[PDB]
Structures are given as structure tokens and as C-alpha cells.
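Chemist: no sequence on hand, only this structure:
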């Protein structure tokens, strides 16, 4: 089926530049017009730009005219958006979309963050279960992911093999302007003696990959 | 010139609701190109209606679209909890231009009261060795989505160093929130107990940790 995969989003200083890509497959790229749509955090969808099937008829939202350039390479089945002179108000998820009558395929989007603040990787601390093996019932253990910027981080457990009972909570935005979150997994108390628990923390904006073993106190 | 939608529409399970989308003669009153999208948190928009009234394949007939004048309308019948989401109309507007509506947040009421689960963790040894200390109070599986959090140290309140999220829905349709209390290792070591108190619909759930 149809696939649209955006890439190139990231953190940039105001006035900076970024180029987004959208790799397409599962359809004849060259006979579809293509577009970009964006969405600021917690805000609504905003159309950005469109381009004709053969690279003509480029159009732009006024909010973006003179700063962004849409283009495509039908030989590489790729759509681009060059974004210059970026400002905080350009912070958004950017979606690639195939323009068609009767259907509407979208990518998952790529996150663009425009800020004067630098990226900060997280510090990771284990959250040990208070309940011991003998005490019965269930035990909650976790990882605290402290003081990072920007969003997001993902947290997995045992390299992705432990998924049941996993809850990664929404992050708090602290007054410092840095985020923190926690991920908890609830397991049988009797498993604490025999099973290893490692949280795998990923913060792509800082290229941070941390594995933290979480052990009874 | 974003098409105008009601910001918020609430309904009860099994009822019908209608979301209006009012534009100008240049887009809505200029084409039968009004589409409706459904957006769940953290996902791409999903096309539910195109060409005013057509459903793409796979879309339930509970969703229907109409249009008269400069105003398009999306009606959802047989309201289900999964319909809780954001909805956007959109129209072509000539010359390769598209305009999206301002969006409507649909809320589906009726789920039962759920008391919060509270889990409280003390500072880790690793963190104290880093000359820091954070107490983590995690609150989950509650409805409705409002809590109040209070921290106490040997019974006496603490307000400094407290940072608490706004509640938001989990994948199980109940709310979660977090509260963090920042302390120096010396404060943490200088008390017998610290407590996280969570109040929800008159009832207080509390947990306690000690060095």
C-alpha cells in the first residue's frame, strides 16, 4: 500500500534553516500532486504548500511565502520542503500528503522545533520497587528521565521485549524550560528475584541512548 | 481565512452530534471539495468524508456529511467513546490552495468514576550521589480528569519544588498525571517521612516514603 516517510525535522535556532524530505512508495509518484501540512503543538492543521505532479504549479500559504520552497524529484520518488529564516511560530509537526480526489494518504510527520534554547540530553535514574519478592502481589518499578529538551523521549523495557504493564507518563514541563518524565512497569513481586528489568531511553534530539538496569533496593 | 468550526462539542453515548464548518463563497461555497478529517492524539489525520458527502472505504456509515450554502456539516450518529477526537474540515480554494477549518474537539461523556492509582518513589541512590533528589508521584486510571496534589514532610506541607502535570487521557481512556518534588539530599535525609496526597472527587489517596 501507499507509504509516505518524512525525515529531516529537528531543533534549530531562530533564523536557521532545515530541509525536510518525504520518501514515497506504493504508487506512481510522478502522477500525483503533493503537499505539506503542518500542526503546531496543541493547535490545528495548517496547509503549507503544494506542488504539481511534474514539479510545476508550486503554491504557498502566505505565512510561508518567500521563505519555504517546495520541490520534488520524481526519479527518486521524493518530495522536499526547504525552510529558511525559521521562527518559533514555525514549530510544528510537518506532514507530507498525497493530493488526490477520493483518498488522502499522510505520513506520520516529522517534528520541527525552532527555539533559542539548546538541546539537553536527559539524565536517567532507576526507580526501585519498594515491594520485595516475598511480599506478594505486584511491584511497580520505573525510570525517571530528568531534564531534557526538546520533546520527545521514548522509553522501552528490556530492549522492547517487555510491553505488558508498561506506562510511560506524559512529561512535565518544568519552570526551568526542561522536561522530565517517568516510565513505570508493574510486574509480579515474585519475579523480582529472577527477572532482569532494563529501561531503554531514547532522546533523538541529543542522540542519547541510555539503558538503565532497575534492581530491588 | 481558516474555515470556522465550533471549538468544542460534547455528546453522550448513542446520541447524534453535528459539527458545522462555515467558509466563504471562494472555498466552501465554491467547491464540493469539503473533506472532514478525524485526528486522535499523536496520530496523523484520517479522512472520514470527502466531496462533502462521500465516505472513503472502511469508514462507518455513522459518519455522514452534508453542505448547504457556505456551511458544511459533519454528523456523527450512534456516538461511541472511540469518536472522542479532534475533527477538521478542509476545502480546496483555487490554484492549488487548501484551507483547513479551525478544528472541533469532540468529547464523549458517560464513562464511570474511576479512583486514581497512586505510586510514589523516593530519590534513587544514583541521584543522591549526584547531589540531587526528586520524589516522583504518579497518578493513573482516574476519571474525571481533575486531581489536586499536596506534599507533606513529617506532616507539614511543602509547596516549594513541586511541579505537577495537567491530567491527560491514557490509551485506556482514563486520565494520568505526575507530580515531582525537588529537594536537596540534606532535606530528604533530614525527615522521617514525605507524603504525596492525591484528592479526587472528595476522596484523598496518599502514599508515603522515607530514607
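Modeler: Sure thing, it's come through. Numbers count the residues shown, from 1 in each chain, chains lettered A, B, ... in the order given.
Chemist: skipping adjacent residues, who's closest to the most far-flung residue of chain A relative to its centre in space?
Modeler: Note on chain A: the largest C-alpha distance from the chain mean falls to residue A:134, namely 40.5 Å (C-alpha atoms, centre = their mean). In space, and not counting its chain neighbours, residue A:134 is closest to residue A:189: 7.9 Å by C-beta to C-beta, 6 or more residues apart in numbering or on different chains. C-beta coordinates here come from the backbone N, C-alpha and C atoms, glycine included.
Chemist: now do the phi/psi pair for the one you found.
Modeler: phi -60, psi -40 (degrees, to the nearest 10).
Chemist: residues contacting it?
Modeler: A:129, A:131, A:132, A:133, A:134, A:135, A:136, A:137, A:138, A:139 (C-beta atoms under 8 Å, 6 or more residues apart in numbering or on different chains).
Chemist: what's the most distant pair in those residues?
Modeler: Of all pairs drawn from these, the greatest distance, 13.7 Å, lies between A:134 and A:138 (C-beta to C-beta).
Chemist: picking that back up, quick one: the residue farthest from the centre of chain A from residue B:120, how far?
Modeler: From residue A:134 across to residue B:120, the span is 21 Å (C-beta to C-beta, to the nearest Å).
Chemist: do the same with residue B:24
Modeler: For residue B:24 relative to residue B:120 (C-beta to C-beta), the value is 55 Å.
Chemist: what's the burial count for the nearest residue to residue B:126 once chain neighbours are set aside?
Modeler: Closest residue to residue B:126 apart from its sequence neighbours, by C-beta to C-beta, 6+ apart: residue A:125 at 5.2 Å. Using other C-beta atoms under 10 Å in any protein chain shown, residue A:125 is surrounded by 25 other residues.
Chemist: check residue A:154 too.
Modeler: As a measure of burial, residue A:154 has 13 neighbours, counting by other C-beta under 10 Å.
Chemist: list the contacts of it.
Modeler: Listed by C-beta under 8 Å, 6+ apart, the contact set of residue A:154 reads A:168, A:201, A:202.
Chemist: scan the residues you listed and report the most crowded one.
Modeler: Counting neighbours by other C-beta under 10 Å, the one among the contacts of residue A:154 with the most is residue A:201, which has 24 neighbours.
Chemist: roughly how far apart are that one and chain B?
Modeler: Between residue A:201 and chain B the computed distance is 14 Å (C-beta to the nearest C-beta, to the nearest Å).
Chemist: partners of that residue in the sheet?
Modeler: residue A:155, residue A:210 (DSSP bridges).
Chemist: my read is that residue A:121 contacts residue A:150, right?
Modeler: No: in this structure, residue A:121 is not within contact of residue A:150 by C-beta atoms under 8 Å, at 11.3 Å.
Chemist: quick one, which of these two is more surrounded?
Modeler: Using other C-beta under 10 Å, the more surrounded residue of residue A:121 and residue A:150 is residue A:150, with 21 against 17.
Chemist: thought that one was touching residue A:205?
Modeler: Yes: using C-beta under 8 Å, residue A:150 is in contact with residue A:205, at 5.7 Å.
Chemist: residues touching the residue nearest to residue A:93 when sequence neighbours are not counted, list them.
Modeler: Of all residues not flanking residue A:93 in the chain, residue A:109 sits nearest, at 4.0 Å (C-beta to C-beta, 6+ apart). Neighbouring residues of residue A:109 by C-beta under 8 Å, 6+ apart: A:6, A:39, A:93, A:94, A:95, A:96, B:44.
Chemist: mind running it again at 7 Å?
Modeler: Going by C-beta atoms under 7 Å, 6 or more residues apart in numbering or on different chains, residue A:109 touches A:6, A:93, A:94, A:95, B:44.
Chemist: likewise for residue A:79?
Modeler: A:22, A:24, A:34, A:72, A:96 are the contacts of residue A:79 under C-beta under 7 Å, 6+ apart.
Chemist: centroid-wise, who is the farthest residue in chain B?
Modeler: Distance-from-mean max, chain B, by C-alpha atoms, centre = their mean: residue B:190 at 39.0 Å.
Chemist: hang on, the earlier thing: what's the most distant pair in the contacts of residue A:109?
Modeler: A:94 and B:44 (11.4 Å).
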